[PDB]
$ cat upload.txt   # compact mmCIF, C-alpha atoms and all ligand atoms
# COMPACT_ATOMS: atom_id res chain seq x y z
CA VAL A 135 -13.20 30.32 -4.74
CA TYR A 136 -10.07 28.11 -4.92
CA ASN A 137 -8.27 26.91 -8.05
CA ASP A 138 -10.92 28.57 -10.26
CA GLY A 139 -13.68 26.73 -8.41
CA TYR A 140 -12.15 23.24 -8.81
CA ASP A 141 -10.80 22.85 -5.24
CA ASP A 142 -12.56 22.86 -1.89
CA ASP A 143 -11.13 24.92 0.99
CA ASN A 144 -8.66 22.17 1.97
CA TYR A 145 -6.69 21.91 -1.36
CA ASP A 146 -8.73 18.87 -2.45
CA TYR A 147 -10.14 18.61 -5.96
CA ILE A 148 -13.95 18.65 -5.75
CA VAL A 149 -14.77 15.24 -7.21
CA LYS A 150 -17.86 15.01 -9.43
CA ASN A 151 -18.97 11.59 -10.60
CA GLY A 152 -19.06 11.32 -14.37
CA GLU A 153 -16.56 14.09 -15.14
CA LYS A 154 -14.28 13.38 -18.10
CA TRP A 155 -10.57 14.31 -18.02
CA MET A 156 -8.29 14.83 -21.02
CA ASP A 157 -10.72 12.89 -23.25
CA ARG A 158 -9.55 9.74 -21.47
CA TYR A 159 -10.55 9.26 -17.81
CA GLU A 160 -14.16 9.12 -16.67
CA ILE A 161 -14.28 9.74 -12.92
CA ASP A 162 -16.61 7.16 -11.36
CA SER A 163 -16.51 7.49 -7.55
CA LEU A 164 -14.58 8.35 -4.42
CA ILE A 165 -12.91 5.30 -2.91
CA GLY A 166 -10.77 6.93 -0.23
CA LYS A 167 -9.69 10.17 1.39
CA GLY A 168 -6.47 10.78 3.23
CA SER A 169 -4.10 13.53 4.35
CA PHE A 170 -2.29 13.48 0.98
CA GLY A 171 -5.58 14.12 -0.87
CA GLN A 172 -8.06 11.72 -2.45
CA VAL A 173 -8.33 8.47 -4.35
CA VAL A 174 -11.03 8.00 -7.00
CA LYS A 175 -12.12 5.09 -9.15
CA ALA A 176 -12.04 6.04 -12.84
CA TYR A 177 -12.57 4.42 -16.22
CA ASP A 178 -9.62 4.76 -18.62
CA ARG A 179 -11.41 4.94 -21.99
CA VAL A 180 -8.19 4.62 -24.03
CA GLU A 181 -6.96 1.40 -22.43
CA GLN A 182 -10.53 0.21 -21.64
CA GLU A 183 -9.97 -0.57 -17.99
CA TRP A 184 -10.72 0.67 -14.50
CA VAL A 185 -8.01 2.58 -12.64
CA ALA A 186 -7.55 4.15 -9.22
CA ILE A 187 -6.36 7.76 -9.35
CA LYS A 188 -4.67 9.36 -6.36
CA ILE A 189 -5.37 13.11 -6.57
CA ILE A 190 -2.72 14.84 -4.47
CA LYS A 191 -3.68 18.04 -2.66
CA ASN A 192 -3.02 21.28 -4.54
CA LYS A 193 -0.38 22.32 -2.00
CA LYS A 194 3.40 22.34 -2.18
CA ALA A 195 4.32 20.03 0.72
CA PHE A 196 1.98 17.29 -0.50
CA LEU A 197 3.03 17.78 -4.11
CA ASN A 198 6.70 17.38 -3.10
CA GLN A 199 6.14 14.21 -1.10
CA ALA A 200 4.11 12.67 -3.94
CA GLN A 201 6.91 13.62 -6.32
CA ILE A 202 9.08 11.34 -4.19
CA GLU A 203 6.39 8.63 -4.28
CA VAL A 204 6.35 8.89 -8.10
CA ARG A 205 10.15 8.60 -8.28
CA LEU A 206 10.17 5.56 -6.00
CA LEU A 207 7.39 3.88 -8.00
CA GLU A 208 9.20 4.61 -11.27
CA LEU A 209 12.42 3.18 -9.81
CA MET A 210 10.53 0.03 -8.80
CA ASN A 211 8.96 -0.66 -12.15
CA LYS A 212 12.34 -0.14 -13.83
CA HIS A 213 13.39 -3.23 -11.76
CA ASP A 214 10.12 -5.23 -11.92
CA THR A 215 8.79 -5.10 -15.51
CA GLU A 216 6.75 -8.33 -15.15
CA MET A 217 5.00 -7.22 -11.89
CA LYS A 218 5.85 -10.43 -10.02
CA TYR A 219 6.84 -8.94 -6.64
CA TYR A 220 3.41 -8.02 -5.27
CA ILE A 221 3.91 -4.21 -5.46
CA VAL A 222 1.17 -1.97 -6.83
CA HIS A 223 2.00 -0.74 -10.31
CA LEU A 224 2.02 2.99 -11.13
CA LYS A 225 0.39 3.16 -14.57
CA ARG A 226 0.84 6.89 -15.10
CA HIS A 227 1.27 10.24 -13.41
CA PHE A 228 0.28 13.68 -14.66
CA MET A 229 -0.71 17.17 -13.55
CA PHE A 230 -4.40 18.03 -13.98
CA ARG A 231 -5.71 21.45 -12.87
CA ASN A 232 -2.81 21.92 -10.41
CA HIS A 233 -3.11 18.45 -8.84
CA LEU A 234 -0.46 15.78 -9.20
CA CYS A 235 -2.39 12.63 -10.15
CA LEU A 236 -1.11 9.06 -9.76
CA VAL A 237 -2.86 6.38 -11.82
CA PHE A 238 -2.66 2.87 -10.36
CA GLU A 239 -4.05 -0.49 -11.35
CA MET A 240 -7.45 -1.16 -9.90
CA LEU A 241 -7.39 -3.77 -7.14
CA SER A 242 -9.91 -5.46 -4.86
CA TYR A 243 -10.43 -4.70 -1.19
CA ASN A 244 -7.74 -4.52 1.49
CA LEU A 245 -6.80 -7.02 4.17
CA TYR A 246 -8.68 -5.09 6.86
CA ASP A 247 -11.92 -5.35 4.84
CA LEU A 248 -11.27 -9.09 4.59
CA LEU A 249 -10.91 -9.25 8.39
CA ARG A 250 -14.13 -7.28 8.91
CA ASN A 251 -15.87 -9.67 6.49
CA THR A 252 -14.82 -12.58 8.79
CA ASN A 253 -16.28 -10.52 11.67
CA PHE A 254 -12.72 -10.45 13.06
CA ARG A 255 -12.55 -14.21 13.51
CA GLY A 256 -9.43 -14.04 11.35
CA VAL A 257 -8.55 -15.98 8.24
CA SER A 258 -7.03 -19.46 8.24
CA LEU A 259 -3.34 -20.08 8.90
CA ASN A 260 -3.12 -21.47 5.36
CA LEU A 261 -4.22 -18.17 3.84
CA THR A 262 -2.04 -16.30 6.38
CA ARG A 263 0.90 -18.41 5.11
CA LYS A 264 0.23 -17.40 1.49
CA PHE A 265 -0.04 -13.71 2.39
CA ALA A 266 3.15 -13.98 4.48
CA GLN A 267 5.04 -15.61 1.61
CA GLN A 268 3.98 -12.93 -0.90
CA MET A 269 4.75 -10.08 1.54
CA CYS A 270 8.23 -11.45 2.32
CA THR A 271 8.81 -11.66 -1.42
CA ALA A 272 7.66 -8.04 -1.79
CA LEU A 273 10.04 -6.99 0.99
CA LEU A 274 12.92 -8.89 -0.67
CA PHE A 275 12.23 -6.85 -3.82
CA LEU A 276 12.26 -3.61 -1.79
CA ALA A 277 15.62 -4.67 -0.27
CA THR A 278 17.25 -4.95 -3.74
CA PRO A 279 20.33 -2.70 -3.26
CA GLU A 280 19.48 -0.20 -6.03
CA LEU A 281 16.01 0.21 -4.47
CA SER A 282 16.51 -0.04 -0.67
CA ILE A 283 12.98 1.25 -0.22
CA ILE A 284 11.37 1.45 3.22
CA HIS A 285 7.59 1.44 2.81
CA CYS A 286 7.10 2.95 6.34
CA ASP A 287 3.35 2.32 6.55
CA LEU A 288 2.66 -1.39 6.21
CA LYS A 289 -0.73 -2.28 7.69
CA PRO A 290 -3.74 -4.35 6.60
CA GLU A 291 -5.30 -1.35 4.80
CA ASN A 292 -2.15 -1.03 2.59
CA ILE A 293 -2.32 -4.64 1.39
CA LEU A 294 -4.99 -5.21 -1.25
CA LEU A 295 -6.44 -8.39 -2.73
CA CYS A 296 -5.85 -8.54 -6.48
CA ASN A 297 -9.21 -10.26 -7.02
CA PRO A 298 -11.88 -10.83 -4.35
CA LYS A 299 -11.66 -14.62 -4.92
CA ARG A 300 -7.90 -15.19 -5.19
CA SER A 301 -5.19 -15.06 -2.53
CA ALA A 302 -2.83 -12.83 -4.53
CA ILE A 303 -2.07 -9.48 -2.85
CA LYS A 304 -0.26 -6.22 -3.54
CA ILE A 305 1.31 -3.61 -1.31
CA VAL A 306 -0.09 -0.16 -2.09
CA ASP A 307 0.52 3.42 -0.99
CA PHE A 308 4.19 4.37 -1.02
CA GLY A 309 3.16 7.93 -0.09
CA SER A 310 5.36 7.83 3.05
CA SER A 311 8.12 5.64 1.64
CA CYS A 312 11.79 6.56 1.41
CA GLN A 313 15.04 5.08 0.27
CA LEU A 314 17.45 4.13 3.05
CA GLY A 315 19.75 6.98 2.07
CA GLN A 316 16.97 9.62 2.25
CA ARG A 317 15.01 9.35 5.49
CA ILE A 318 13.22 12.57 6.46
CA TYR A 319 10.43 11.74 8.93
CA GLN A 320 10.61 10.42 12.50
CA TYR A 321 6.96 10.01 13.39
CA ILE A 322 6.27 7.16 10.96
CA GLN A 323 4.28 3.90 10.64
CA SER A 324 0.70 3.58 11.89
CA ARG A 325 0.86 3.09 15.62
CA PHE A 326 -0.19 -0.58 15.98
CA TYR A 327 2.49 -1.55 13.40
CA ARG A 328 5.24 0.81 14.58
CA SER A 329 8.67 -0.64 15.23
CA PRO A 330 10.50 -0.30 18.56
CA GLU A 331 13.34 1.59 16.90
CA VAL A 332 10.87 4.20 15.58
CA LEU A 333 9.13 4.39 18.97
CA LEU A 334 12.61 4.91 20.47
CA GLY A 335 13.70 7.77 18.21
CA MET A 336 16.56 5.65 16.78
CA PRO A 337 17.72 5.64 13.16
CA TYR A 338 15.71 3.13 11.16
CA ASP A 339 16.14 1.02 8.03
CA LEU A 340 14.13 -1.55 6.06
CA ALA A 341 13.78 -3.81 9.09
CA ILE A 342 10.87 -1.66 10.33
CA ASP A 343 8.65 -3.08 7.57
CA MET A 344 9.44 -6.62 8.76
CA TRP A 345 8.24 -5.59 12.23
CA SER A 346 4.96 -4.34 10.74
CA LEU A 347 4.64 -7.56 8.76
CA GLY A 348 5.00 -9.70 11.89
CA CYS A 349 2.25 -7.67 13.61
CA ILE A 350 0.06 -7.84 10.48
CA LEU A 351 0.35 -11.62 10.09
CA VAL A 352 -0.71 -12.32 13.69
CA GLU A 353 -3.69 -9.98 13.31
CA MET A 354 -4.67 -11.67 10.04
CA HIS A 355 -4.99 -15.03 11.81
CA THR A 356 -6.43 -13.84 15.13
CA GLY A 357 -8.62 -11.07 13.71
CA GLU A 358 -7.27 -8.55 16.25
CA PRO A 359 -4.24 -6.22 16.35
CA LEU A 360 -1.36 -7.73 18.31
CA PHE A 361 -0.18 -4.41 19.84
CA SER A 362 -3.18 -2.03 19.88
CA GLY A 363 -1.68 0.90 21.77
CA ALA A 364 -3.77 4.06 22.15
CA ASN A 365 -0.63 6.25 22.24
CA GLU A 366 3.12 5.80 22.08
CA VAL A 367 3.58 4.88 25.76
CA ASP A 368 0.73 2.34 25.68
CA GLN A 369 2.08 0.85 22.41
CA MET A 370 5.57 0.16 23.86
CA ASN A 371 3.98 -1.33 26.99
CA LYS A 372 1.83 -3.69 24.95
CA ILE A 373 4.97 -4.69 23.03
CA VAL A 374 6.82 -5.28 26.33
CA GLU A 375 3.93 -7.38 27.68
CA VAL A 376 4.57 -9.93 24.94
CA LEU A 377 8.27 -9.54 24.17
CA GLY A 378 9.92 -8.41 27.42
CA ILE A 379 12.31 -5.53 28.02
CA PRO A 380 14.48 -4.54 25.04
CA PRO A 381 18.18 -5.46 25.21
CA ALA A 382 20.30 -3.03 27.21
CA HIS A 383 22.60 -2.53 24.25
CA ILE A 384 19.55 -1.15 22.40
CA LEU A 385 18.23 1.14 25.14
CA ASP A 386 21.74 2.52 25.89
CA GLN A 387 21.61 3.94 22.33
CA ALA A 388 17.97 5.04 22.44
CA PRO A 389 17.17 8.79 22.33
CA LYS A 390 13.71 8.15 23.85
CA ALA A 391 14.65 5.23 26.14
CA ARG A 392 13.57 7.25 29.19
CA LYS A 393 10.15 7.93 27.71
CA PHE A 394 9.27 4.33 28.59
CA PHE A 395 12.01 2.79 30.72
CA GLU A 396 14.27 3.68 33.66
CA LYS A 397 17.89 2.65 34.13
CA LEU A 398 18.58 1.10 37.53
CA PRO A 399 21.86 2.22 39.21
CA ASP A 400 23.33 -1.20 38.39
CA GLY A 401 22.88 -0.82 34.60
CA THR A 402 19.75 -2.95 34.08
CA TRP A 403 16.67 -1.37 32.51
CA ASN A 404 13.11 -1.66 33.82
CA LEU A 405 9.80 -0.13 32.85
CA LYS A 406 8.81 3.22 34.29
CA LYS A 407 6.28 2.39 36.99
CA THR A 408 2.58 2.99 36.41
CA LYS A 409 0.82 5.58 38.58
CA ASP A 410 -0.01 4.56 42.18
CA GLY A 411 -3.14 2.40 42.39
CA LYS A 412 -3.93 1.78 38.73
CA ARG A 413 -3.91 -1.72 37.27
CA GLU A 414 -0.48 -2.64 35.96
CA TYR A 415 0.36 -3.97 32.55
CA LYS A 416 1.06 -7.67 32.53
CA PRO A 417 4.66 -8.32 33.61
CA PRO A 418 7.28 -8.15 30.86
CA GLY A 419 7.24 -11.13 28.50
CA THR A 420 4.28 -12.89 30.20
CA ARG A 421 1.64 -12.24 27.51
CA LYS A 422 2.88 -15.23 25.54
CA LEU A 423 2.59 -15.28 21.75
CA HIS A 424 2.17 -19.05 22.38
CA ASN A 425 -1.18 -18.39 24.01
CA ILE A 426 -2.31 -15.57 21.69
CA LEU A 427 -1.99 -17.96 18.74
CA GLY A 428 -3.55 -20.82 20.75
CA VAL A 429 -0.66 -23.07 19.71
CA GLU A 430 -1.89 -26.05 21.76
CA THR A 431 -5.57 -25.25 22.09
CA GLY A 432 -6.84 -25.25 18.51
CA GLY A 433 -5.69 -21.78 17.44
CA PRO A 434 -7.59 -18.52 17.92
CA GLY A 435 -11.02 -19.21 19.46
CA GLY A 436 -10.20 -22.93 19.49
CA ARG A 437 -11.77 -22.95 16.01
CA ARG A 438 -8.95 -24.81 14.21
CA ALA A 439 -8.80 -28.19 15.99
CA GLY A 440 -8.15 -30.88 13.39
CA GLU A 441 -7.82 -28.38 10.55
CA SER A 442 -5.06 -29.04 8.02
CA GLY A 443 -2.10 -26.67 8.18
CA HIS A 444 -3.02 -25.89 11.83
CA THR A 445 -1.21 -28.69 13.69
CA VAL A 446 0.71 -27.82 16.84
CA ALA A 447 3.85 -28.17 14.68
CA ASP A 448 2.42 -25.65 12.18
CA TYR A 449 1.55 -23.20 14.96
CA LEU A 450 5.05 -23.62 16.45
CA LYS A 451 6.65 -22.81 13.10
CA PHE A 452 4.41 -19.74 12.66
CA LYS A 453 5.19 -18.59 16.20
CA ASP A 454 8.91 -18.95 15.55
CA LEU A 455 8.77 -16.90 12.33
CA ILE A 456 6.77 -14.18 14.09
CA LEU A 457 9.31 -13.96 16.92
CA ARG A 458 12.09 -13.68 14.34
CA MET A 459 10.11 -10.81 12.74
CA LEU A 460 9.51 -9.19 16.15
CA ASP A 461 13.18 -9.21 17.20
CA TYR A 462 13.96 -5.96 19.06
CA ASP A 463 17.33 -5.73 17.32
CA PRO A 464 16.97 -4.42 13.74
CA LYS A 465 20.37 -5.96 12.90
CA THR A 466 19.28 -9.48 13.86
CA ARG A 467 15.54 -9.28 12.99
CA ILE A 468 14.88 -11.79 10.24
CA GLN A 469 15.41 -10.51 6.75
CA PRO A 470 13.21 -11.19 3.71
CA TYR A 471 15.54 -13.74 2.08
CA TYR A 472 15.75 -15.78 5.28
CA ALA A 473 12.09 -15.47 6.22
CA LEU A 474 11.39 -17.13 2.87
CA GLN A 475 13.64 -20.06 3.92
CA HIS A 476 11.73 -20.55 7.18
CA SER A 477 10.09 -23.90 7.84
CA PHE A 478 6.72 -22.13 8.08
CA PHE A 479 6.79 -22.01 4.30
CA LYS A 480 7.98 -25.62 3.72
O1 LIG A 501 -2.54 4.40 -3.05
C1 LIG A 501 -3.57 4.33 -2.47
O2 LIG A 501 -3.72 5.06 -1.31
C2 LIG A 501 -4.94 5.09 -0.62
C3 LIG A 501 -5.11 5.89 0.56
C4 LIG A 501 -6.34 5.92 1.21
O3 LIG A 501 -6.52 6.69 2.37
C5 LIG A 501 -7.41 5.14 0.75
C6 LIG A 501 -7.24 4.36 -0.39
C7 LIG A 501 -6.00 4.34 -1.08
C8 LIG A 501 -5.85 3.52 -2.26
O4 LIG A 501 -6.73 2.68 -2.88
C9 LIG A 501 -6.13 2.12 -3.98
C10 LIG A 501 -6.65 1.20 -4.91
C11 LIG A 501 -5.84 0.76 -5.93
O5 LIG A 501 -6.39 -0.15 -6.83
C12 LIG A 501 -4.53 1.23 -6.05
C13 LIG A 501 -4.00 2.15 -5.14
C14 LIG A 501 -4.83 2.60 -4.08
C15 LIG A 501 -4.65 3.51 -2.95

$ encode --input "upload.txt" --output "structure tokens"
Amino acid sequence: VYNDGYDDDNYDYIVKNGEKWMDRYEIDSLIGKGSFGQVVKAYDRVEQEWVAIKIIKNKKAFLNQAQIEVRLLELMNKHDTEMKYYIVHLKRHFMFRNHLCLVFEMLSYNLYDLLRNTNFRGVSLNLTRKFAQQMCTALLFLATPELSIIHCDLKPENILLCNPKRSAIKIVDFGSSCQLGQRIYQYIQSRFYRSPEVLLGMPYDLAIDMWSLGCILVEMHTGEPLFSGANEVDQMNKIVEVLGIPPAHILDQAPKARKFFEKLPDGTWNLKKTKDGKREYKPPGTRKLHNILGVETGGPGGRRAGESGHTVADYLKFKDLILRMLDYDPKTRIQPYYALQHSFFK
């Protein structure tokens, strides 16, 4: 017996379809489970609409992190009001039977489900452009000085379609987010979307979300993760395959530089060599983004020959924006305001 019979043995509320809360919410179904707790679909009888309710684990560490999430969401909707910056809206939060509950607007499926529905052929570059433009606008809103919110977990699963037919999207799940002045975790971002500065144990800021976005946008058009590392060493090596060795002025400040790279006696950094006799990674910078996108060969799978918005010129603009987003240097990596001025969006 936990929490008078309402919790399982892992601090999760035992969800029962049809249960009514506070004469208002009718719990309909489980829609997701995570380390923070659970997310259920529920009908809000008072407002006559569906909602998604995040039920935080009945346990202090998860309660405290979600209390930060609530504060960040409340800060955001104090600066948004009209919900025009593609951020999920917190409708309400409350305690119910020793669980912090976060009520969000109901949304459609996430960008990974969309990819799986294309059987990982990817979506068109035109739809990728629309998603990119809305995400850069969302990041510009996060970069508002009073906010300065780092999401820290941008990935296709955390971007939801508003309606299954429309192209409008929203960023969800600020459960790991922090303001720039209040960073507290070091092992952050899901691995495929993790920035070099996080991999390198360096201090991080809002530029790490732009790195995730660049990775996300390529995957949305190709159907496959750009950097699908199985662990931290593999992830950096897949990054290096495409982008080359990071600038020396970065690695010379990098607490974990020697987890991946070696300094040669003459100051120039190289990769740590793979173990005798196993196939090497492709040499640094030789897995060209140019060929991943299929810039000159009809895009991914050669499927886009003659398609509008997929000319070589369009692919070259997209490639350029991606490389600006995948800059190793978080000071020079393109910023939301300037990504919005990029010719990819013209
Ligand atoms: O915040 C979230 O975190 C999650 C974490 C998971 O592991 C799975 C699903 C969710 C999830 O689905 C939603 C649907 C909405 O309409 C709004 C918010 C969310 C939301």

$ atom_distance --input "upload.txt" --atom1 "atom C14 of ligand LIG 501 (chain A)" --atom2 "atom CA of residue A:473"
26.8 Å

$ residues_near_ligand --input "upload.txt" --ligand "ligand LIG 501 (chain A)" --cutoff "7 Å" --atoms "only C-alpha atoms and all ligand atoms" --output "list in words"
residues 165, 166, 167, 168, 173, 185, 186, 188, 222, 238, 239, 240, 241, 242, 306 and 307 of chain A

$ residues_near_point --input "upload.txt" --point "(11.4, 2.2, -10.2)" --cutoff "12 Å" --atoms "only C-alpha atoms" --output "VMD selection string"
chain A and resid 202 to 215 217 221 to 225 275 to 276 278 280 to 283 308 313

$ residues_around --input "upload.txt" --residues "residue A:361" --least-positions-apart "5" --cutoff "10 Å" --atoms "all atoms listed in the file" --output "number ranges by chain"
A: 325-328, 349-350, 353, 368-376

$ closest_residue --input "upload.txt" --among "A:452, A:415, A:321, A:136" --to "residue A:351" --atoms "only C-alpha atoms"
A:452

$ axis_aligned_box --input "upload.txt" --around "stretch 299-304 of chain A" --padding-each-side "8 Å" --output "JSON"
{"center_x": -6.0, "center_y": -10.7, "center_z": -3.9, "size_x": 27.4, "size_y": 25.0, "size_z": 18.7}

$ atom_distance --input "upload.txt" --atom1 "atom CA of residue A:160" --atom2 "atom CA of residue A:138"
20.7 Å

$ atom_distance --input "upload.txt" --atom1 "atom CA of residue A:251" --atom2 "atom CA of residue A:354"
11.9 Å

$ decode --input "upload.txt" --residues "stretch 258-269 of chain A" --atoms "N, CA, C and O atoms" --output "tab-separated table (two decimals), in the first residue's frame"
chain	number	residue	atom	x	y	z
A	258	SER	N	8.39	16.46	-46.98
A	258	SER	CA	8.92	17.34	-48.00
A	258	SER	C	9.74	18.49	-47.40
A	258	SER	O	9.60	18.86	-46.23
A	259	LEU	N	10.63	19.05	-48.22
A	259	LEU	CA	11.40	20.21	-47.80
A	259	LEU	C	10.50	21.42	-47.58
A	259	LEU	O	10.85	22.30	-46.78
A	260	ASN	N	9.35	21.47	-48.24
A	260	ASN	CA	8.42	22.58	-48.00
A	260	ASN	C	7.82	22.50	-46.61
A	260	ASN	O	7.72	23.51	-45.92
A	261	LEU	N	7.42	21.31	-46.17
A	261	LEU	CA	6.91	21.18	-44.81
A	261	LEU	C	8.04	21.35	-43.79
A	261	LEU	O	7.85	21.99	-42.75
A	262	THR	N	9.23	20.79	-44.08
A	262	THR	CA	10.41	21.03	-43.25
A	262	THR	C	10.67	22.53	-43.07
A	262	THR	O	10.98	22.99	-41.97
A	263	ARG	N	10.51	23.31	-44.15
A	263	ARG	CA	10.72	24.76	-44.07
A	263	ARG	C	9.73	25.40	-43.10
A	263	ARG	O	10.11	26.24	-42.27
A	264	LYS	N	8.46	25.02	-43.19
A	264	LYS	CA	7.45	25.56	-42.28
A	264	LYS	C	7.74	25.22	-40.83
A	264	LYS	O	7.57	26.06	-39.94
A	265	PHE	N	8.06	23.94	-40.55
A	265	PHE	CA	8.45	23.55	-39.20
A	265	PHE	C	9.65	24.36	-38.73
A	265	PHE	O	9.67	24.85	-37.60
A	266	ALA	N	10.66	24.48	-39.60
A	266	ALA	CA	11.88	25.21	-39.22
A	266	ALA	C	11.55	26.65	-38.86
A	266	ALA	O	12.07	27.18	-37.87
A	267	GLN	N	10.66	27.27	-39.63
A	267	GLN	CA	10.34	28.68	-39.40
A	267	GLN	C	9.59	28.86	-38.08
A	267	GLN	O	9.88	29.79	-37.32
A	268	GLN	N	8.67	27.94	-37.77
A	268	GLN	CA	7.96	28.02	-36.49
A	268	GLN	C	8.88	27.71	-35.31
A	268	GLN	O	8.73	28.30	-34.24
A	269	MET	N	9.80	26.75	-35.47
A	269	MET	CA	10.71	26.42	-34.37
A	269	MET	C	11.68	27.57	-34.09
A	269	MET	O	11.93	27.90	-32.93
